[PDB]
Structures are given as structure tokens and as C-alpha cells.
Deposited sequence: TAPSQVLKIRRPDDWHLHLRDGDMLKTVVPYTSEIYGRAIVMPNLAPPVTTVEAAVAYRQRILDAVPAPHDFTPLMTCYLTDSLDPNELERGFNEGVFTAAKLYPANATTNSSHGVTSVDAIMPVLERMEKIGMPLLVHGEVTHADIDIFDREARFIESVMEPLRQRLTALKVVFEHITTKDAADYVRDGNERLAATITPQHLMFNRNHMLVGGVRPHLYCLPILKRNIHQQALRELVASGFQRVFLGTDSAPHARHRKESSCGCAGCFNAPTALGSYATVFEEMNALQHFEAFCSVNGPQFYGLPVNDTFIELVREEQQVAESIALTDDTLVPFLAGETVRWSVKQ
């Protein structure tokens, strides 16, 4: 009958999409999180304050009346991005951070050098850099993209922008776990519920499960073990970032399924389970509600919430204007529930 009482948490890594999808999904976040870092990978992407402003507005429009939710917008870094585009939006309180997506197909970053200036301005103004740490060379084995990024990009980057504050988003490997753990107070990381709860076997044994398919790719259990250890340790430089990344059912279940788990509805309780399992409930609240604000130099939420150890169930699916949305843990039974 256990109930866990924690300070309201925040989601330091979220995809809210736009339009109809946005209207449908926000409430799952808003009804629980005080704030959330909203990713800029829209299409087209959010690379200007002006865009960031409008998007922020569309977001508020969809927030239910009762919820005190605040979206923290981010800037989509591009090779050409005007560093003054950044300051501004940053100065006006538009941008809380800037996200580095390695170039894949689309507008991500070609190279660090191409954006050196931008990065310097961020270092200066004290704007944190959010990094999707993966190399993209076609001949690089997908399971190796993260580790590779460390040596070829992360470190070098850090070594050159000494006061740069960096969040290594959704880490998935022992490599990354250790690097962060031994990093400086200017380096932090986010971890999704999926990467703590499963490993590649869960996605490929007995059938291919597109709902577990996301980036960076689920790794070997060895890696999952490192992650769980990291969180359970109390390390104060790791915090909640769901990476909730919703895709309609048929875009997931197709000949070429999209990457991303829609975990907003079940994340918190999933995280609770992990911590419990790890015998680390004492570090739970910080992960969810203290570490992030601290890294970001933001105050903690002044309100609370309760989790009840009541085996609650998960919807098979969620209605969309068109098609459905399959939630993470769909049809399954969760141990912890938000009361």
C-alpha cells in the first residue's frame, strides 16, 4: 500500500510534436510535470526565437486549464545558425537551451567547427548544450555510435569549450555512464525509462517490437546494468528526461518503423519501479525533481505529488484524430501509479 511522496518532477527531455499530435500528447506531461525541456526537432525545425515563441504558444493553448505546466523551449542548432539568434531568444527567456543533433538526413550539425562560434556564445552566456551523442558514419555499426561519439566528439568538444555546460541526452551505454560519472560539474546526463527497463533482447527476442525501437538504440544488458547502477548510486549529475517521442501506430508498425517511445503516460511509475528494484527509493526524488533544476540553475518545484504502489494497468492505445497512439507498456501492468 506504499505511497511515495515526492516534490513535483520535471521532464528534462521531451518531444511534443505539433498540431493534433501536440494537442493529444501534452496533457500526459502537463498533468504531472512542472516543467519540461521541449525538443526543437519539428519540421521544419525551430531555429528562430520567433518560431520558438509561436510553438511555445501552441503548447500553452493545449495545456489543460488546471495544470501548472511550463514548457522550456530549445533551439535547433544548425551549421549556419546566427549566434545572435541564440542570445536574443536566450536573453528574452525564449530559449533555455540549444540541442545538437548530429547530421543525418537532416539539418543537424555537419561539424563542431562549422558551429564553433555558436558554441562559444553559449559558453559565454552560460547556455547549456543538449547533445544527442551519436556519430553517423554509414559504416559505423549502430550499436557503436554512442561510444564513438565520446572520443571523437564529446571530449574534444569539452576540452575546447572548458566552461561549456553540457547535457549528454538519453545515455544508453556503460561507456557513457562512466564518462559522465567521471566528468566535471559542467557535464550531466538524462536517462529514459526504456533504457533502464530493457535491453536489446527485449526488442528482438520472440519478435521485433517497434514500440521498443528508439534512438539511441537499446543496447546489450551490460549497458543497461551500468545505467541502472548509475542512477541507483545517487550520482547527482543524472536526471529524468523521458525522451517521450510519439508516433502514430502505423508509422511505428510499418515496413520502416519510426524511432521513439511514447512513454509520457508511464515514465514516472516506470522510473519508480526501477529505483525500488535497485533498492534506491532514497535517490528517487532527486533524480526526478532536484538534479535537473540544479544543473539548470532553476529552482525546484514547490509542489508535491504522490505515487501509490498499486498495480495499475496501461491502455492498449490512445486515440488520435487519425490512427492511434500506442503507449509505452501498452496493455501491460505497472506497479506504481500516480494518485
Item to check | Deposited residues absent from the coordinates (by C-alpha) | outcome: 1-3, 109-112, 347
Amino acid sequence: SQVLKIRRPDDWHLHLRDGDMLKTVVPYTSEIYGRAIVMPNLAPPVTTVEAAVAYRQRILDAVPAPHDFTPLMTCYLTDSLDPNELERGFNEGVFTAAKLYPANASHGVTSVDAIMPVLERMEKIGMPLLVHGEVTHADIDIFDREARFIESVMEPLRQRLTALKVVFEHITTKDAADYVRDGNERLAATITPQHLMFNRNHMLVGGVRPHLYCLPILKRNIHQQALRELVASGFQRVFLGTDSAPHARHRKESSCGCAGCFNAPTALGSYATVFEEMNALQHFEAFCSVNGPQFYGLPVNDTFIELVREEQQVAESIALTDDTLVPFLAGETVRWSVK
From here on, numbers count along this sequence of modelled residues.
Next on the checklist: Please compare 151-159 with 191-199 and name the stretch with the higher mean C-alpha B-factor in the deposited structure.
Outcome noted: 151-159
Checklist outcome for this item: Comparing 263-271 with 89-97, the higher average Cα temperature factor in the PDB entry belongs to 89-97
Item to check | Residue selected from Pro102, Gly206, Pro216, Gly241 by maximal Cα B factor | outcome: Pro102
Next on the checklist: Can you tell me which of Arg228, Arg251, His211, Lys124 has the maximum CA B-factor listed in the PDB entry?
Outcome noted: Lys124
Checklist outcome for this item: Of the three thirds of the chain ranked by Cα temperature factor, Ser255 occupies the lowest
Item to check | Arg181 - which third its CA temperature factor falls in, relative to the rest of the chain | outcome: highest
Item to check | Cα B factor band for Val290 (lowest, middle or highest third within the chain) | outcome: lowest
Checklist entry - Which third of the chain does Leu42 land in by C-alpha B-factor: lowest, middle or highest? => result middle
Item to check | B-factor third for the C-alpha atom of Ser30 within its chain | outcome: middle
